[PDB]
Amino acid sequence: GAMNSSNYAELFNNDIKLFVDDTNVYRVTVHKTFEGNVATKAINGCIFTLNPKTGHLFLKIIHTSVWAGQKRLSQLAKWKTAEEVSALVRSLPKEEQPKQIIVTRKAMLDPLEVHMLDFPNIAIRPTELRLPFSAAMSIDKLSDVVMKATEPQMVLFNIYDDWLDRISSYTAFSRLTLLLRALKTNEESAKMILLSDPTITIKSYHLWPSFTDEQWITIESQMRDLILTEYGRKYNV
Amino acid sequence: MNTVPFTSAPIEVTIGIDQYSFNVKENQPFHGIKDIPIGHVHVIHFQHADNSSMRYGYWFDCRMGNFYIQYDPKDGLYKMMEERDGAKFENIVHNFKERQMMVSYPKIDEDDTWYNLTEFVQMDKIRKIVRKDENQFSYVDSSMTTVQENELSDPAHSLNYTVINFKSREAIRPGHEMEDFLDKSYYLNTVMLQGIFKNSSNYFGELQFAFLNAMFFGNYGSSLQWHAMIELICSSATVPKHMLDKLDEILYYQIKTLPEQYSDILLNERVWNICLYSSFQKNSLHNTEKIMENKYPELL
Ligand SMILES: Cc1ccc2c(c1)NC(=O)[C@]2(O)C(F)(F)F
Ligand SMILES: Cc1ccc2c(c1)NC(=O)[C@]2(O)C(F)(F)F
């Protein structure tokens with residue numbers, strides 16, 4: 001059934017599983033027309049498909065041409081997501097295919113179930129966790145490849161960089177969710193924390209800076225402060 | 001006009017014949033039901049006074065044979081039997097009709113209710129849903145499960161309704177996943193009508209039979225089947241116009257007949273609200289929508 005705080009550590013066992021987040025698939029800017037009506041302009045988006053145990057991220061870039069001439073785009077976007085996830089699964093060797101796919105939004109259940117009818121043994125699950133994957137486009141290198149794309153494209157990343165050399169997947173996911181929650185609550189402040197010190201750089205093959213163990217502790221504390229703050233600045237506490 | 005005699009009535013029981021019913025007391029001199037209209041299927045059904053658990057009954061058509069009811073004290077129920085010796089059976093029925101020991105099928109002449117609930121129901125199709133080939137009549141009870149419920153356990157005692165499943169490979173063409181799931185016309189018209197049922201008459205017959213088993217026996221799997229067959233039509237953007245008009249009549253008479261006090265368990269809120277107010281056919285069931293709104297506005 002649904003994934004929640006009670007069955008947290010299942011994410012880090014040895015059964016292959018993927019999270020799928022669709023919140024950045026259909027992205028628009030809203031603007032006024034010369035007549036003073038409102039219109040939208042689509043911009044490129046992405047499906048965020050993540051193995052939480054290994055950090056492998058399958059970033060399927062959704063180019064705005066996929067929406068041309070289509071109606072009911074928010075509904076289409078869920079089905080397009082499920083189509084692309086199903087295509088990804090079929091593209092993997094059998095021993096790499098997931099045993100479970102966890103969707104971050106319940107509205108993805110039926111589209112994904114229908115696209116995966118050929119795979120009756122792959123469980124499609126919702127979750128009660130409020131995961132911050134919508135903030136993936138606040139990671140500069142991910143936003144850059146999405147915005148530069150001129151055609152549909154899949155790009156593979158490891159969202160944990162080399163962290164698993166030193167920490168567990170449980171700790172790695174904890175750090176990722178903390179960083180993304182911070183970026184979601186106050187992007188400018190979070191990015192300042194991450195980059196303020198110019199002596200700590202992002203390797204060309206990495207997404208995040210090359211912090212030492214000690215520096216990650218400071219960073220993580222700064223993010224936990226930011227989130228508690230904004231939670232005051234928001235609710236006045 | 002045909003007759004279903006009773007050997008005796010040794011246990012107190014409520015007897016139904018189609019939409020009618022009456023109480024028979026323990027050892028009352030009751031010898032059956034006369035004046036049964038020829039041309040329709042019928043159902044004779046039973047609820048014992050001591051154990052309202054298990055409603056049970058028999059679908060039959062008097063054109064197919066001479067049927068009588070005999071109480072079996074070993075199996076503890078009223079059983080339908082067939083007599084192929086015609087001379088012997090008529091001698092008894094007459095003998096009983098003379099002594100006035102039978103209730104008359106009490107059809108009002110104005111009244112087309114039973115025809116309207118069984119218009120497309122045929123014994124031959126009933127006998128394919130309820131498999132017991134040695135008999136010309138079909139037993140159904142409250143507890144019998146459907147082939148689909150068994151997939152999700154005795155197969156001989158099952159209701160073999162046509163399986164409908166909206167999230168199944170049969171319902172969804174590869175490459176039309178979104179199209180086929182949001183508009184079920186393919187599944188209705190090609191898979192089910194052209195492929196399985198052959199025509200809409202057979203589809204409506206199974207739908208009507210499922211409703212009647214849900215209403216008369218409280219058979220839960222039959223209720224599921226009835227709602228699935230409604231939803232499959234209402235969720236299709238492309239439906240023959242004659243089918244929509246007939247479905248409106250079918251459902252109108254079903255809703256009209258439903259006991260007011262059973263609406264809570266026999267009507268699925270989600271399906272009816274979806275069908276009447278959201279589906280492609282939301283504006284195509286005028287008679288059904290009007291009776292539902294005036295009789296069961298709570299459900300909506
Ligand atoms: C699994 C797990 C437990 C506890 C936490 C995380 C992840 N991430 C966090 O920042 C934290 O909230 C905290 F504050 F305790 F560190
Ligand atoms: C009405 C009625 C009652 C009972 C019977 C028939 C018809 N036909 C039968 O063979 C019999 O079972 C029997 F044995 F008693 F004659």
# chains A, B, ... in the order shown; residues from 1 in each chain; ligands from 1

$ residues_near_ligand --ligand "ligand 2" --cutoff "6 Å" --atoms "only C-alpha atoms and all ligand atoms" --output "PyMOL selection string"
chain B and resi 5+7+68+83+89+92

$ residues_near_ligand --ligand "ligand 1" --cutoff "9 Å" --atoms "only C-alpha atoms and all ligand atoms" --output "ChimeraX atom specification"
/A:5,8-9,170-171,173-179,220-221,223-224

$ residues_around --residues "residue 25 of chain A" --least-positions-apart "6" --cutoff "10 Å" --atoms "only C-alpha atoms" --output "MDAnalysis selection string"
chainID A and resid 43:48 60:64 74 77:78 80:81 134

$ interface_residues --of "chain A" --to "chain B" --cutoff "10 Å" --atoms "only C-alpha atoms" --output "PyMOL selection string"
chain A and resi 75-76+78-80+82-83+110-118

$ write_last_selection --atoms "C-alpha atoms" --output "mmCIF file, in the first residue's frame"
data_model
loop_
_atom_site.group_PDB
_atom_site.id
_atom_site.type_symbol
_atom_site.label_atom_id
_atom_site.label_comp_id
_atom_site.auth_asym_id
_atom_site.auth_seq_id
_atom_site.Cartn_x
_atom_site.Cartn_y
_atom_site.Cartn_z
ATOM 1 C CA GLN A 75 -4.296 15.712 -17.615
ATOM 2 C CA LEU A 76 -2.122 14.806 -20.579
ATOM 3 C CA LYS A 78 0.136 12.656 -16.101
ATOM 4 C CA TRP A 79 -0.329 10.199 -18.977
ATOM 5 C CA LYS A 80 2.835 11.375 -20.732
ATOM 6 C CA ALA A 82 3.343 7.291 -17.201
ATOM 7 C CA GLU A 83 4.171 6.613 -20.866
ATOM 8 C CA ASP A 110 -4.187 5.236 -12.516
ATOM 9 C CA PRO A 111 -2.145 6.522 -15.484
ATOM 10 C CA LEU A 112 0.906 4.544 -14.354
ATOM 11 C CA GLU A 113 -1.080 1.421 -13.497
ATOM 12 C CA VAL A 114 -2.663 1.447 -16.951
ATOM 13 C CA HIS A 115 0.647 2.000 -18.721
ATOM 14 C CA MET A 116 2.217 -0.830 -16.692
ATOM 15 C CA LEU A 117 -0.485 -3.502 -17.244
ATOM 16 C CA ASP A 118 2.153 -5.558 -19.068
#

$ select_by_dssp --residues "segment 61-196 of chain B" --states "strand (DSSP E or B)" --output "list in words"
residues 66, 67, 68, 69, 70, 71, 72, 77, 78, 79, 80, 81, 82, 83, 103, 104, 130, 138, 139, 140, 141, 146 and 159 of chain B

$ write_last_selection --atoms "C-alpha atoms" --output "PDB file, in the first residue's frame"
ATOM      1  CA  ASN B  66     -43.712 -28.424 -15.966  1.00  0.00           C
ATOM      2  CA  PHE B  67     -42.034 -27.279 -12.668  1.00  0.00           C
ATOM      3  CA  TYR B  68     -43.221 -27.883  -9.027  1.00  0.00           C
ATOM      4  CA  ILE B  69     -41.721 -27.053  -5.597  1.00  0.00           C
ATOM      5  CA  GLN B  70     -41.130 -29.832  -3.023  1.00  0.00           C
ATOM      6  CA  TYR B  71     -39.684 -29.128   0.480  1.00  0.00           C
ATOM      7  CA  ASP B  72     -36.614 -31.310   1.242  1.00  0.00           C
ATOM      8  CA  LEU B  77     -35.062 -25.927   1.546  1.00  0.00           C
ATOM      9  CA  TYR B  78     -37.823 -25.642  -0.982  1.00  0.00           C
ATOM     10  CA  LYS B  79     -36.540 -27.271  -4.195  1.00  0.00           C
ATOM     11  CA  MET B  80     -37.794 -26.746  -7.773  1.00  0.00           C
ATOM     12  CA  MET B  81     -38.257 -30.050  -9.707  1.00  0.00           C
ATOM     13  CA  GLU B  82     -39.277 -30.929 -13.283  1.00  0.00           C
ATOM     14  CA  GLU B  83     -41.961 -33.549 -14.178  1.00  0.00           C
ATOM     15  CA  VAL B 103     -52.467 -18.053  -4.930  1.00  0.00           C
ATOM     16  CA  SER B 104     -53.026 -16.234  -8.199  1.00  0.00           C
ATOM     17  CA  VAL B 130     -25.763 -20.218 -13.738  1.00  0.00           C
ATOM     18  CA  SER B 138     -31.606 -22.008 -12.361  1.00  0.00           C
ATOM     19  CA  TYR B 139     -30.942 -21.724  -8.624  1.00  0.00           C
ATOM     20  CA  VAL B 140     -29.493 -18.517  -7.185  1.00  0.00           C
ATOM     21  CA  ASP B 141     -28.947 -17.429  -3.590  1.00  0.00           C
ATOM     22  CA  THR B 146     -19.153 -14.402  -9.292  1.00  0.00           C
ATOM     23  CA  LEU B 159     -22.339 -16.752 -11.203  1.00  0.00           C
TER      24      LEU B 159
END
